[PDB]
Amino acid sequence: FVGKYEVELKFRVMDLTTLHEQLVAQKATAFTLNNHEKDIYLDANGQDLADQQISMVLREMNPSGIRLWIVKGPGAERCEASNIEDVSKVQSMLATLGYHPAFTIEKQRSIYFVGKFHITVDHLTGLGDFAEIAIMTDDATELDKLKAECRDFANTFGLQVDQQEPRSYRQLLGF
């Protein structure tokens, strides 16, 4: 986290033993490990933000205790977040503005770093094991170049186009 823009590639994980072998070998640093994460998705009037390709999430990470208010979009390559003190409080603030819980997504999540690359290891119940590879930038001009780098890095990680999942978590759940 530090960058308005990002490219991300998301992948199904068939084998977590080999993933964790790449993480040791790449000398990734562990940010957070096996957190329970709860994402409250919020929207006005059924679908006001959904319709502009924006998602707004109130996210809590347990046991790390990270609390984030996140605006994703418009589209796939835009995302900004703020660290918040109190999820219940920001929720009520946004409710006053007319944003109400649309649905929730829960997951288990670990976050690793390899230089500028974030590796996120996800497990959802209704779906399975995922990895997400992402780089962020504040430079709008570099975004197109980050696409090639993110692809090259993922391949290095043994996570190739054949195992790619281009559907978001909210799409995979019909939300």
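Numbers for residues come from their place in the sequence shown, where the first is 1.
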message: When the Cα temperature factors in the entry are averaged, is it 46 to 54 or 63 to 71 that ends up higher?
response: 46 to 54
query: As stated in the PDB record, which stretch has the larger average Cα B-factor, 4 to 12 or 165 to 173?
result: 165 to 173
- prompt: What third of its chain's C-alpha B-factors does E77 belong to: lowest, middle or highest?
  reply: highest
- line: Chain-relative C-alpha B factor for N34 (record values, thirds): the middle
- line: Binned into thirds over the chain's modelled residues, the C-alpha B-factor of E132 lands in the lowest
message: By the recorded C-alpha temperature factor, relative to the other modelled residues in its chain, which third is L97 in?
response: lowest
- prompt: So where's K145 on the chain's Cα temperature factor ranking, which third?
  reply: middle
